[PDB]
$ cat run-v2.cif   # mmCIF, C-alpha atoms; chains and numbers go by the auth columns
data_query
loop_
_atom_site.group_PDB
_atom_site.id
_atom_site.type_symbol
_atom_site.label_atom_id
_atom_site.label_comp_id
_atom_site.label_asym_id
_atom_site.label_seq_id
_atom_site.Cartn_x
_atom_site.Cartn_y
_atom_site.Cartn_z
_atom_site.B_iso_or_equiv
_atom_site.auth_seq_id
_atom_site.auth_asym_id
ATOM 1 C CA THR A 1 16.884 -6.429 -11.074 0.00 1 A
ATOM 2 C CA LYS A 2 15.879 -8.467 -8.051 0.00 2 A
ATOM 3 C CA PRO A 3 17.367 -11.977 -8.287 0.00 3 A
ATOM 4 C CA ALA A 4 15.495 -13.138 -5.228 0.00 4 A
ATOM 5 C CA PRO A 5 11.894 -13.070 -3.933 0.00 5 A
ATOM 6 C CA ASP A 6 11.277 -9.560 -2.653 0.00 6 A
ATOM 7 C CA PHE A 7 8.545 -10.357 -0.269 0.00 7 A
ATOM 8 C CA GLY A 8 7.645 -13.460 1.590 0.00 8 A
ATOM 9 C CA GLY A 9 8.488 -15.197 4.797 0.00 9 A
ATOM 10 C CA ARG A 10 5.522 -13.988 6.694 0.00 10 A
ATOM 11 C CA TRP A 11 2.388 -12.899 4.960 0.00 11 A
ATOM 12 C CA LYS A 12 0.624 -11.147 7.743 0.00 12 A
ATOM 13 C CA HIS A 13 -2.426 -8.978 7.453 0.00 13 A
ATOM 14 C CA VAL A 14 -1.876 -5.302 8.087 0.00 14 A
ATOM 15 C CA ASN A 15 -5.514 -4.317 7.406 0.00 15 A
ATOM 16 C CA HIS A 16 -6.642 -0.958 8.794 0.00 16 A
ATOM 17 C CA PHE A 17 -7.615 -1.764 12.265 0.00 17 A
ATOM 18 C CA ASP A 18 -5.264 0.726 13.697 0.00 18 A
ATOM 19 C CA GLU A 19 -7.326 1.305 16.729 0.00 19 A
ATOM 20 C CA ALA A 20 -10.731 1.004 15.177 0.00 20 A
ATOM 21 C CA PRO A 21 -11.802 -0.264 11.643 0.00 21 A
ATOM 22 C CA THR A 22 -11.549 3.405 10.690 0.00 22 A
ATOM 23 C CA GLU A 23 -13.163 5.279 13.543 0.00 23 A
ATOM 24 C CA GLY B 1 -34.843 8.714 -6.941 0.00 1 B
ATOM 25 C CA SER B 2 -36.967 10.569 -9.401 0.00 2 B
ATOM 26 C CA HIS B 3 -36.372 8.723 -12.716 0.00 3 B
ATOM 27 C CA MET B 4 -32.640 8.437 -12.129 0.00 4 B
ATOM 28 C CA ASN B 5 -30.097 8.450 -9.304 0.00 5 B
ATOM 29 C CA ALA B 6 -28.283 11.694 -8.656 0.00 6 B
ATOM 30 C CA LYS B 7 -25.124 10.536 -7.015 0.00 7 B
ATOM 31 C CA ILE B 8 -23.107 13.217 -5.337 0.00 8 B
ATOM 32 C CA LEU B 9 -19.327 12.948 -5.493 0.00 9 B
ATOM 33 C CA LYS B 10 -17.584 9.685 -6.071 0.00 10 B
ATOM 34 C CA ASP B 11 -18.437 6.539 -4.263 0.00 11 B
ATOM 35 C CA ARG B 12 -15.794 6.077 -1.702 0.00 12 B
ATOM 36 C CA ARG B 13 -14.414 2.895 -0.439 0.00 13 B
ATOM 37 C CA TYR B 14 -11.204 2.843 1.358 0.00 14 B
ATOM 38 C CA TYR B 15 -10.154 -0.626 0.678 0.00 15 B
ATOM 39 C CA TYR B 16 -8.643 -2.013 3.797 0.00 16 B
ATOM 40 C CA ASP B 17 -7.623 -5.530 2.738 0.00 17 B
ATOM 41 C CA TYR B 18 -4.015 -5.810 2.145 0.00 18 B
ATOM 42 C CA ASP B 19 -1.284 -7.974 3.559 0.00 19 B
ATOM 43 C CA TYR B 20 2.403 -7.465 3.863 0.00 20 B
ATOM 44 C CA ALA B 21 5.300 -9.745 3.554 0.00 21 B
ATOM 45 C CA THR B 22 8.838 -8.744 3.975 0.00 22 B
ATOM 46 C CA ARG B 23 12.293 -10.094 4.298 0.00 23 B
ATOM 47 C CA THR B 24 13.466 -7.159 6.355 0.00 24 B
ATOM 48 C CA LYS B 25 13.058 -7.004 10.101 0.00 25 B
ATOM 49 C CA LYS B 26 13.152 -3.259 10.407 0.00 26 B
ATOM 50 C CA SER B 27 9.908 -1.964 11.805 0.00 27 B
ATOM 51 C CA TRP B 28 10.552 1.449 10.265 0.00 28 B
ATOM 52 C CA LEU B 29 10.345 -0.063 6.825 0.00 29 B
ATOM 53 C CA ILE B 30 7.079 -1.886 7.288 0.00 30 B
ATOM 54 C CA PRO B 31 3.811 0.012 6.587 0.00 31 B
ATOM 55 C CA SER B 32 1.543 0.509 9.528 0.00 32 B
ATOM 56 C CA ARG B 33 -1.570 1.284 7.485 0.00 33 B
ATOM 57 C CA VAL B 34 -2.570 0.895 3.819 0.00 34 B
ATOM 58 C CA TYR B 35 -5.808 1.752 2.079 0.00 35 B
ATOM 59 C CA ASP B 36 -6.843 2.709 -1.370 0.00 36 B
ATOM 60 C CA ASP B 37 -9.817 4.475 -2.684 0.00 37 B
ATOM 61 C CA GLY B 38 -10.522 4.070 -6.329 0.00 38 B
ATOM 62 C CA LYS B 39 -6.969 4.653 -7.466 0.00 39 B
ATOM 63 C CA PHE B 40 -4.999 6.391 -4.813 0.00 40 B
ATOM 64 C CA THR B 41 -3.414 4.033 -2.418 0.00 41 B
ATOM 65 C CA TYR B 42 -2.475 5.604 0.873 0.00 42 B
ATOM 66 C CA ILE B 43 0.401 3.884 2.590 0.00 43 B
ATOM 67 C CA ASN B 44 1.231 5.050 6.119 0.00 44 B
ATOM 68 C CA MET B 45 4.794 4.171 6.870 0.00 45 B
ATOM 69 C CA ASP B 46 7.583 5.299 9.178 0.00 46 B
ATOM 70 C CA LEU B 47 8.730 7.880 6.597 0.00 47 B
ATOM 71 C CA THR B 48 9.790 10.151 9.389 0.00 48 B
ATOM 72 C CA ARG B 49 13.117 8.229 9.344 0.00 49 B
ATOM 73 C CA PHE B 50 13.796 9.669 5.951 0.00 50 B
ATOM 74 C CA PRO B 51 15.053 13.275 6.010 0.00 51 B
ATOM 75 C CA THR B 52 16.412 15.548 3.208 0.00 52 B
ATOM 76 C CA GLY B 53 13.397 14.448 1.169 0.00 53 B
ATOM 77 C CA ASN B 54 15.154 11.134 0.812 0.00 54 B
ATOM 78 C CA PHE B 55 11.981 9.158 0.887 0.00 55 B
ATOM 79 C CA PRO B 56 11.860 5.455 -0.164 0.00 56 B
ATOM 80 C CA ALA B 57 10.807 4.190 -3.529 0.00 57 B
ATOM 81 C CA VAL B 58 7.547 2.482 -4.143 0.00 58 B
ATOM 82 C CA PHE B 59 6.504 0.372 -7.038 0.00 59 B
ATOM 83 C CA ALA B 60 3.362 -1.253 -8.128 0.00 60 B
ATOM 84 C CA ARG B 61 2.937 -4.748 -9.444 0.00 61 B
ATOM 85 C CA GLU B 62 0.232 -6.329 -11.554 0.00 62 B
ATOM 86 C CA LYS B 63 1.102 -9.662 -10.069 0.00 63 B
ATOM 87 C CA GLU B 64 3.273 -10.682 -7.138 0.00 64 B
ATOM 88 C CA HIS B 65 6.124 -11.736 -9.434 0.00 65 B
ATOM 89 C CA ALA B 66 5.457 -9.128 -12.102 0.00 66 B
ATOM 90 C CA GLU B 67 7.682 -6.195 -12.873 0.00 67 B
ATOM 91 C CA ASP B 68 8.026 -3.315 -10.510 0.00 68 B
ATOM 92 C CA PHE B 69 6.217 -0.322 -11.894 0.00 69 B
ATOM 93 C CA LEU B 70 7.660 2.946 -10.825 0.00 70 B
ATOM 94 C CA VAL B 71 4.183 4.562 -11.018 0.00 71 B
ATOM 95 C CA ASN B 72 3.345 8.004 -9.662 0.00 72 B
ATOM 96 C CA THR B 73 3.499 8.601 -6.002 0.00 73 B
ATOM 97 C CA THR B 74 3.067 11.616 -3.793 0.00 74 B
ATOM 98 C CA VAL B 75 4.350 11.753 -0.245 0.00 75 B
ATOM 99 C CA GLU B 76 2.152 13.428 2.302 0.00 76 B
ATOM 100 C CA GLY B 77 3.784 13.412 5.648 0.00 77 B
ATOM 101 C CA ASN B 78 4.223 9.752 6.351 0.00 78 B
ATOM 102 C CA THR B 79 1.810 8.552 3.760 0.00 79 B
ATOM 103 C CA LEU B 80 2.656 7.503 0.209 0.00 80 B
ATOM 104 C CA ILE B 81 -0.113 8.115 -2.227 0.00 81 B
ATOM 105 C CA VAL B 82 0.291 5.700 -5.077 0.00 82 B
ATOM 106 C CA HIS B 83 -1.575 6.897 -8.064 0.00 83 B
ATOM 107 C CA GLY B 84 -3.311 3.875 -9.420 0.00 84 B
ATOM 108 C CA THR B 85 -4.738 0.725 -7.979 0.00 85 B
ATOM 109 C CA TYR B 86 -2.785 -2.470 -8.410 0.00 86 B
ATOM 110 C CA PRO B 87 -3.362 -5.902 -6.842 0.00 87 B
ATOM 111 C CA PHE B 88 0.214 -5.904 -5.528 0.00 88 B
ATOM 112 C CA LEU B 89 2.568 -3.180 -4.396 0.00 89 B
ATOM 113 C CA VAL B 90 6.242 -3.224 -3.588 0.00 90 B
ATOM 114 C CA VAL B 91 7.997 -0.823 -1.322 0.00 91 B
ATOM 115 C CA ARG B 92 11.728 -0.429 -1.311 0.00 92 B
ATOM 116 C CA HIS B 93 13.596 1.328 1.379 0.00 93 B
ATOM 117 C CA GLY B 94 17.131 1.550 0.239 0.00 94 B
ATOM 118 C CA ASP B 95 17.931 -2.017 -0.599 0.00 95 B
ATOM 119 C CA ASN B 96 15.306 -3.404 1.738 0.00 96 B
ATOM 120 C CA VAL B 97 11.995 -4.421 0.438 0.00 97 B
ATOM 121 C CA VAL B 98 8.412 -4.993 1.629 0.00 98 B
ATOM 122 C CA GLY B 99 5.579 -6.346 -0.423 0.00 99 B
ATOM 123 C CA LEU B 100 1.958 -5.476 -0.109 0.00 100 B
ATOM 124 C CA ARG B 101 -0.954 -7.157 -1.652 0.00 101 B
ATOM 125 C CA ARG B 102 -4.413 -5.910 -2.003 0.00 102 B
ATOM 126 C CA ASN B 103 -6.827 -8.722 -1.492 0.00 103 B
ATOM 127 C CA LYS B 104 -9.959 -8.899 -3.526 0.00 104 B
ATOM 128 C CA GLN B 105 -13.292 -9.681 -1.989 0.00 105 B
ATOM 129 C CA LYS B 106 -14.479 -13.186 -2.898 0.00 106 B
#
$ encode --input "run-v2.cif" --output "structure tokens"
Amino acid sequence: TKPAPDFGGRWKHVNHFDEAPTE
Amino acid sequence: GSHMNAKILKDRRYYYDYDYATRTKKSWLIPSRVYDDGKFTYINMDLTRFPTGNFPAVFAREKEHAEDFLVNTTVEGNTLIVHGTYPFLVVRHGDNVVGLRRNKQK
């Protein structure tokens, strides 16, 4: 049971560009 | 090639489009890297904060407000391998929660 929105607030991308797109 | 195409191994595509949203402000709960390939979704998180094998729970969702599927997940170091590709994923660290979404291409 989760009687509230789990996620939200700030939808930010976290796409793999950790240093490079992959390497 | 000759008559047909002999394709070695699987076609690999580590799908790097995903976004996170979360109502927690703990940086050790938010994934640093996510990518799936075919089915297995690799989620690099700060799992090193979780000793005794007391790793967080991860769920999959078919839609952002769908039910949380317990799914199958393996934990390799700091990476959660979610067995099965879903358009939305939900990670729960204790009673804190982060949501991931895999974004389709066009």
$ residues_around --input "run-v2.cif" --residues "residue A:6" --least-positions-apart "6" --cutoff "10 Å" --atoms "all atoms listed in the file" --output "ChimeraX atom specification"
/B:21-24,64-65,90-92,96-99
$ closest_residue --input "run-v2.cif" --among "B:106, B:7, B:101, B:12" --to "residue B:63" --atoms "only C-alpha atoms"
B:101
$ interface_residues --input "run-v2.cif" --of "chain A" --to "chain B" --cutoff "7 Å" --atoms "all atoms listed in the file" --output "PyMOL selection string"
chain A and resi 6-16
$ residues_around --input "run-v2.cif" --residues "stretch 38-49 of chain B" --least-positions-apart "6" --cutoff "7 Å" --atoms "all atoms listed in the file" --output "ChimeraX atom specification"
/B:28-32,55,78-85
$ closest_residue --input "run-v2.cif" --among "B:62, B:76, B:37, B:95" --to "residue B:11" --atoms "all atoms listed in the file"
B:37
$ atom_distance --input "run-v2.cif" --atom1 "atom CA of residue B:61" --atom2 "atom CA of residue B:87"
6.9 Å
$ closest_residue --input "run-v2.cif" --among "B:8, B:25, B:88, B:75" --to "residue B:50" --atoms "only C-alpha atoms"
B:75
$ build_atoms --input "run-v2.cif" --residues "chain A" --atoms "N, CA and C atoms" --output "PDB file, in the frame of the given file"
ATOM      1  N   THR A   1      16.602  -5.020 -11.211  1.00  0.00           N
ATOM      2  CA  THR A   1      16.884  -6.429 -11.074  1.00  0.00           C
ATOM      3  C   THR A   1      16.753  -6.849  -9.609  1.00  0.00           C
ATOM      4  N   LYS A   2      15.976  -7.872  -9.357  1.00  0.00           N
ATOM      5  CA  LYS A   2      15.879  -8.467  -8.051  1.00  0.00           C
ATOM      6  C   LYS A   2      15.934  -9.973  -8.201  1.00  0.00           C
ATOM      7  N   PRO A   3      17.128 -10.551  -8.044  1.00  0.00           N
ATOM      8  CA  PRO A   3      17.367 -11.977  -8.287  1.00  0.00           C
ATOM      9  C   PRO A   3      16.974 -12.860  -7.097  1.00  0.00           C
ATOM     10  N   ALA A   4      15.982 -12.440  -6.379  1.00  0.00           N
ATOM     11  CA  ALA A   4      15.495 -13.138  -5.228  1.00  0.00           C
ATOM     12  C   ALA A   4      14.081 -12.673  -4.980  1.00  0.00           C
ATOM     13  N   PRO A   5      13.238 -13.492  -4.321  1.00  0.00           N
ATOM     14  CA  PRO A   5      11.894 -13.070  -3.933  1.00  0.00           C
ATOM     15  C   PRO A   5      11.978 -11.858  -3.018  1.00  0.00           C
ATOM     16  N   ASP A   6      11.269 -10.817  -3.385  1.00  0.00           N
ATOM     17  CA  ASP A   6      11.277  -9.560  -2.653  1.00  0.00           C
ATOM     18  C   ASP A   6      10.581  -9.743  -1.328  1.00  0.00           C
ATOM     19  N   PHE A   7       9.376 -10.204  -1.411  1.00  0.00           N
ATOM     20  CA  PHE A   7       8.545 -10.357  -0.269  1.00  0.00           C
ATOM     21  C   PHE A   7       8.165 -11.800  -0.047  1.00  0.00           C
ATOM     22  N   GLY A   8       7.995 -12.140   1.199  1.00  0.00           N
ATOM     23  CA  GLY A   8       7.645 -13.460   1.590  1.00  0.00           C
ATOM     24  C   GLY A   8       7.985 -13.652   3.030  1.00  0.00           C
ATOM     25  N   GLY A   9       8.102 -14.883   3.446  1.00  0.00           N
ATOM     26  CA  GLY A   9       8.488 -15.197   4.797  1.00  0.00           C
ATOM     27  C   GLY A   9       7.307 -15.230   5.721  1.00  0.00           C
ATOM     28  N   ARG A  10       6.662 -14.108   5.851  1.00  0.00           N
ATOM     29  CA  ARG A  10       5.522 -13.988   6.694  1.00  0.00           C
ATOM     30  C   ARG A  10       4.503 -13.050   6.090  1.00  0.00           C
ATOM     31  N   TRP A  11       3.530 -13.630   5.433  1.00  0.00           N
ATOM     32  CA  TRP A  11       2.388 -12.899   4.960  1.00  0.00           C
ATOM     33  C   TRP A  11       1.461 -12.645   6.110  1.00  0.00           C
ATOM     34  N   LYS A  12       1.521 -11.475   6.666  1.00  0.00           N
ATOM     35  CA  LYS A  12       0.624 -11.147   7.743  1.00  0.00           C
ATOM     36  C   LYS A  12      -0.265 -10.011   7.316  1.00  0.00           C
ATOM     37  N   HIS A  13      -1.506 -10.052   7.739  1.00  0.00           N
ATOM     38  CA  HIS A  13      -2.426  -8.978   7.453  1.00  0.00           C
ATOM     39  C   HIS A  13      -2.005  -7.707   8.160  1.00  0.00           C
ATOM     40  N   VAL A  14      -2.214  -6.595   7.508  1.00  0.00           N
ATOM     41  CA  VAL A  14      -1.876  -5.302   8.087  1.00  0.00           C
ATOM     42  C   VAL A  14      -3.066  -4.359   7.933  1.00  0.00           C
ATOM     43  N   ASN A  15      -4.212  -4.992   7.651  1.00  0.00           N
ATOM     44  CA  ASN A  15      -5.514  -4.317   7.406  1.00  0.00           C
ATOM     45  C   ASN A  15      -5.792  -3.220   8.432  1.00  0.00           C
ATOM     46  N   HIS A  16      -6.346  -2.100   7.960  1.00  0.00           N
ATOM     47  CA  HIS A  16      -6.642  -0.958   8.794  1.00  0.00           C
ATOM     48  C   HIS A  16      -7.603  -1.282   9.934  1.00  0.00           C
ATOM     49  N   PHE A  17      -7.010  -1.640  11.004  1.00  0.00           N
ATOM     50  CA  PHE A  17      -7.615  -1.764  12.265  1.00  0.00           C
ATOM     51  C   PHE A  17      -6.533  -1.246  13.161  1.00  0.00           C
ATOM     52  N   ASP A  18      -6.397   0.046  13.110  1.00  0.00           N
ATOM     53  CA  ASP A  18      -5.264   0.726  13.697  1.00  0.00           C
ATOM     54  C   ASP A  18      -5.548   1.035  15.125  1.00  0.00           C
ATOM     55  N   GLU A  19      -6.814   1.061  15.417  1.00  0.00           N
ATOM     56  CA  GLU A  19      -7.326   1.305  16.729  1.00  0.00           C
ATOM     57  C   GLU A  19      -8.795   0.939  16.663  1.00  0.00           C
ATOM     58  N   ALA A  20      -9.376   1.306  15.544  1.00  0.00           N
ATOM     59  CA  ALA A  20     -10.731   1.004  15.177  1.00  0.00           C
ATOM     60  C   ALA A  20     -10.677   0.616  13.696  1.00  0.00           C
ATOM     61  N   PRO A  21     -11.769   0.056  13.095  1.00  0.00           N
ATOM     62  CA  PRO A  21     -11.802  -0.264  11.643  1.00  0.00           C
ATOM     63  C   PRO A  21     -11.495   0.975  10.777  1.00  0.00           C
ATOM     64  N   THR A  22     -11.894   2.122  11.266  1.00  0.00           N
ATOM     65  CA  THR A  22     -11.549   3.405  10.690  1.00  0.00           C
ATOM     66  C   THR A  22     -11.608   4.414  11.821  1.00  0.00           C
ATOM     67  N   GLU A  23     -12.795   4.478  12.405  1.00  0.00           N
ATOM     68  CA  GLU A  23     -13.163   5.279  13.543  1.00  0.00           C
ATOM     69  C   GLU A  23     -14.668   5.189  13.635  1.00  0.00           C
TER      70      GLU A  23
END
